[PDB]
Number of protein chains: 2
Amino acid sequence: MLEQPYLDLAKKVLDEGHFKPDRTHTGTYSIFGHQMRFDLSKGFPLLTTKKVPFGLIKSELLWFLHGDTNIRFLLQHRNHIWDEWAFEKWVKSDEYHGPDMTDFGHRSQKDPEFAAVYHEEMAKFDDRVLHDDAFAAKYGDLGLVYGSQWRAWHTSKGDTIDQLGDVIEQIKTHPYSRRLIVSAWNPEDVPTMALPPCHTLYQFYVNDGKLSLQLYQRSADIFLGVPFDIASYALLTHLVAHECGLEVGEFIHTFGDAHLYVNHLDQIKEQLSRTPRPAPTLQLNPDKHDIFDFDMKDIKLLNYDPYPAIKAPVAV
Amino acid sequence: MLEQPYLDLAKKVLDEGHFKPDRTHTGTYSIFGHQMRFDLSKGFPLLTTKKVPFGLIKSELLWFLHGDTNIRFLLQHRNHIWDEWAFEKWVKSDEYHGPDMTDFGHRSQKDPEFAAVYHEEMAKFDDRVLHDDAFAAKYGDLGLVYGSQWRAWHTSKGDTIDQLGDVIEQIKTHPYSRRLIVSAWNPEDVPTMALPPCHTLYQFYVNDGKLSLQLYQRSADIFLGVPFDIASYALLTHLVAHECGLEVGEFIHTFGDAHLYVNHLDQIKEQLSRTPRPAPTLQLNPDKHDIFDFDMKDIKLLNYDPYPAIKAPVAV
Ligand SMILES: O=c1ccn([C@H]2C[C@H](O)[C@@H](COP(=O)(O)O)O2)c(=O)[nH]1
Ligand SMILES: O=c1ccn([C@H]2C[C@H](O)[C@@H](COP(=O)(O)O)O2)c(=O)[nH]1
């Protein structure tokens, strides 16, 4: 089966994994150095062993492709993946006036009444970013995030570099280039950053008219993280191939610190008892070819018949 | 055996490898995405199936560790690995007055008389960089190279960042940091560069008091390149572990475009018929602990009993 590598990864972590502590107060079972690949011509690696919201994936990837760093776009598609980070900026602001939302997330798990308070404060925030253009510009903009790293890498002289843009051009004019890399990691920012890029770097490769892509991920959450991560990138491989008029090859996922939080042991175990099902299929608008102008209506996922979803507490 | 992974890599390329063209006018047999690891507590992965000059490795690594970008240091240790690049700058200069050294290297293979001329011009260059301080400062300095990337990453405001320096500090104060990355890849330079870093990025990891390191290499020459590359990094893992007072773990080598030039087929084949021998051992000066101040006399390689060397034409 196509998703077998993921399940393989999960079991391995359950065996060779060593308990290692981390910043998120929850014990983890980690592994350093792991590589798995997916032949994209066999199917789209969206997990069938647990329902994975392709919608959130599609819209978040498009957010990146546009070079957008503002949460507003995400919110208008019912994608709250990036809310937490923008909300922090808001609550730590002097312009903020409301209940002490300190250590929230951690504080939510341990305080049901506070949680409803917190969730209400958030509801306000999302609303204002969606309506108050100044507020959005002032608190909805993440600034340093994948879109600005991928497409607006600030040069040491005011300029901005569109990494992805040039790479895609290099792929057309020089398919056999061993230098087709896009990096999300910038040393100057890394220390002054809330969350340095989990998706550190990726490389495209062309051979026999098929386009492959490899991703180096310094840190990964086996349960909650990896399923979305495999999706975002197997899709990006398709997207770039679609533009460049190339066939799709393999998606190679290389890990640094692959880890399973101890509070997801039962869940990952249950998912493991499930038998995968045939992989879904991707369908990209044949007319439209410039991926930067794509929209939700352009990417179709046929035949995705997943198993039921699995609820697991996020670690924080 | 410890070097088995290398030989495994070689065979695989000879089988699953697909002919792919490249910039260096010689056909190659490539593979995209490959990972191999070496348990350093079993031995130092210096190839025993062919004599590999550990001297060149040791001195080049120290060059990096010092944050030195000038060829002069290398030349005073009989290390000419980096001559070619500095020589180019010289011959393309207006201050240069001598025979047209265009397309040399390629031109050398095809022109014996010219080769002796070229080799003589070089002899002059090396001599002057070693003696003429102004000339060294003007033509011996590579500028953008591993030492300046590792330790003098220029910030977008005049400053300079000592990546390695901080990481090593982070390893001591936060061993379990999943963010222990040093990147050699800078988007602003990459287009304006003679040779964008082959050794793109690396990550340290700490668990059970053992220090492991993973390297992402976008491009690799299986025959001539990989043996030195495994050495430089397995050593660096030792060096950083020595400083941080940690045990040594594994060295994980992840490849992007692993390739074997078609003119090394016979040689790699011959090397393959050889049986590996017990791995050598590293010995680092127990007193001296700050690796940045290390010198040749500090790193000892015990019991290295290699097979004879293998001559193979460099591809260019
Ligand atoms: O899609 C994603 C986003 C984040 N992470 C994870 C990795 C870690 O679980 C946590 C980051 O920890 P640090 O390495 O930055 O400390 O977020 C993923 O695996 N997948
Ligand atoms: O120690 C080294 C130095 C360089 N390279 C190689 C990789 C390619 O053979 C060539 C660079 O080709 P490009 O990818 O930059 O085009 O140099 C190595 O493998 N090992």
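Reading guide: rules and limits
- Residues numbered from 1 in each chain as written, not as in the entry; some residues may be left out.
- Chains lettered and ligands numbered in written order.
- Heavy atoms only, no water.
- UniProt positions renumbered as here; feature names shortened; annotations may be inferred.
- Helix = DSSP H or I, 4+ residues; strand = E, 2+ residues; numbered from the N terminus.
- Expected span 1.5 Å × (residues − 1).
- Buried < 20%, exposed > 50% of the residue type's maximum accessible area, 1.4 Å probe, protein only.
- Arc of directions from axis to C-beta.
- Pairing = 2+ DSSP bridges.
- Near = heavy atom within 4 Å.
- Polar contact = N/O pair within 3.5 Å; in protein donor to acceptor, adjacent residues only side chain to side chain.
- Areas by Shrake-Rupley, 256 points an atom, 1.4 Å probe, with all protein chains shown as cover.
- Nonpolar A, V, L, I, M, F, W, Y, C, P; charged D, E, K, R; others polar.
- Least-squares fit on C-alpha atoms.
- Axes fitted to C-alpha atoms, helices over the stretch in contact; angles between N-to-C directions.
- Parallel < 35°, antiparallel > 145°, perpendicular 65-115°, else oblique.
- Left-handed = near helix turned anticlockwise from the far one by under 90°.
- Contact = heavy atoms within 4.5 Å.
- Buried area = accessible area lost by both parts, 1.4 Å probe.
- Salt bridge = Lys/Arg side-chain N within 4 Å of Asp/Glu carboxyl O.

As recorded in the PDB entry, chain A goes by THYMIDYLATE SYNTHASE and comes from Lactobacillus casei. Entered under Catalytic activity in the UniProt record, the comment concerning chain A runs "dUMP + (6R)-5,10-methylene-5,6,7,8-tetrahydrofolate = 7,8-dihydrofolate + dTMP". Here is the UniProt Sequence similarities comment for chain A, exactly as written: "Belongs to the thymidylate synthase family. Bacterial-type ThyA subfamily."

Asker: Quick rundown of helix α6 (residues 112–131) of chain B? Include the residues and the values.
Answerer: All names here are of chain B. Taking 1.5 Å per residue, 20 residues should reach 28 Å; α6 reaches 29 Å between its end C-alpha atoms and fits that length. All buried positions along α6 are accounted for by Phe114, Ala115, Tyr118, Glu121, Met122, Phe125, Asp126 and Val129. Each buried residue of α6 sits inside an arc of 140° when the element is viewed along its axis, so together they form one side. Opposite the buried face of α6, at more than 90 degrees from it, the exposed residues are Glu113, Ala116 and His131.

Asker: I'd love a proper account of the pairing of strand β6 (residues 201–207) of chain B, names of residues and values included.
Answerer: Moving residue by residue along a regular strand, the side chains alternate between the two faces of the sheet. Residues and elements named next belong to chain B. Burial within β6 is extensive, with seven of its seven residues counted as buried. Side chains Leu201, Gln203, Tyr205 and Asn207 of β6 all project onto a buried face; the interleaved residues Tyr202, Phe204 and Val206 project onto the opposite face, where all are buried too. Both strand β5 (residues 181–183) and β6 contribute to a ladder of three bridges, which runs antiparallel. In the sheet register, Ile181 faces β6, and the bridge partner there is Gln203. Where β6 meets strand β7 (residues 210–221), seven bridges bridge the pair, whose relative direction is antiparallel. Residue pairing across strands places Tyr202 opposite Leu215, the latter belonging to β7.

Asker: How would you sum up the site of ligand 2? Please name residues and give values.
Answerer: Around ligand 2, the structure places 15 residues, and the nearest of them are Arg179 of chain A together with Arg23, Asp221, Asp229 and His259 of chain B. Site remark: ligand 2 is flanked by residues from chains A and B. For ligand 2, an oxygen atom lies 2.8 Å from a polar atom in the side chain of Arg23 of chain B. At a separation of 2.7 Å, an oxygen atom of ligand 2 approaches a polar side-chain atom of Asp229 of chain B. Protein burial of ligand 2: of its 470 Å² of free accessible surface, 82% is covered by the chains. Of all the secondary-structure elements, those providing two or more residues to the shell around ligand 2 are β7 and β8 (247–261) of chain B. The element that contributes the greatest number of residues to the shell around ligand 2 is β7 of chain B, accounting for five residues. Taken together, the residues of the shell around ligand 2 sort by class into four nonpolar, five polar and six charged.

Asker: Please provide a residue-by-residue account of the relation of the copies chain B and chain A, values included.
Answerer: With an RMSD of 0.0 Å, the fit of chain B onto chain A corresponds to turning through 180° and sliding 0.0 Å along the axis. In symmetry terms, the pair is related by a two-fold rotation axis. Every residue of chain B has its C-alpha some distance from the rotation axis, and the shortest such distance is that of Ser156 of chain B, at 2.1 Å.

Asker: Describe the packing of helix α9 (residues 163–173) of chain A against helix α10 (residues 226–244) of chain A, naming the residues involved and giving the relevant values.
Answerer: Residues and elements named next belong to chain A. Look at α9 against α10: their axes get within 10 Å of each other, and the N-to-C directions meet at 50°. Looking at the two axes, α9 sits oblique to α10. The way α9 lies across α10 gives a crossing that is right-handed. Of the residues in α10, those in contact with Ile168, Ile171 and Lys172 of α9 are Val240, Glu243 and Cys244.

Asker: Any chance you could break down the site of ligand 1 for me, citing the residues and the numbers?
Answerer: In the vicinity of ligand 1, 15 residues are found, and the nearest of them are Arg23, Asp221, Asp229 and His259 of chain A together with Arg179 of chain B. Of the chains in the model, those with residues near ligand 1 are chains A and B. One of the side-chain nitrogen or oxygen atoms of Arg179 of chain B is found 2.9 Å away from an oxygen atom of ligand 1. The fraction of the free accessible surface of ligand 1 (470 Å²) that becomes covered by protein chains is 81%.

Asker: Could you give an account of the interface of chain B and chain A, naming the residues involved and the relevant values?
Answerer: In this complex, chain B contributes 52 residues to the contact, which on the side of chain A involves 52 residues. Three residues, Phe32, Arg178 and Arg179 of chain B, lead the burial of chain B against chain A; their summed loss comes to 21% of the area buried on that side. Here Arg178 of chain B and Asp22 of chain A are joined by a salt bridge, their closest N and O atoms 2.8 Å apart. Inspection of the chain B/chain A interface yields 27 residue pairs in polar contact. Mapped onto the side of chain B that touches chain A, the elements with two or more residues apiece are β1 (18–20), β2 (28–39), β3 (153–154), β5, β6, β7 and β8 of chain B. With eight residues, the top contributor of residues to the side of chain B that touches chain A is β2 of chain B. Per-class residue counts for the side of chain B that touches chain A are 21 nonpolar, 21 polar and ten charged.

Asker: Explain unusual backbone geometry to me, and be specific about the residues and the numbers.
Answerer: Look at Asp103 of chain A: it is not a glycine, yet its phi comes out positive at around 55°. As for its position among the elements, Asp103 of chain A is in the loop between α4 (83–91) and α5 (106–109). Although it is not a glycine, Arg78 of chain B adopts a positive phi angle of roughly 65°. Here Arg78 of chain B shows up in the loop between α3 (71–75) and α4 (83–91).

Asker: For the environment of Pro175 of chain A, give the residues involved together with the corresponding values.
Answerer: Residues and elements named next belong to chain A. In this fold, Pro175 is placed in the loop between α9 and β5 (181–183). Along the backbone, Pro175 and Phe32 are 143 residues apart, and their C-alpha atoms lie at a distance of 32 Å. Apart from the residues within four sequence positions on either side, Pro175 is in contact with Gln170, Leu180 and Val206.

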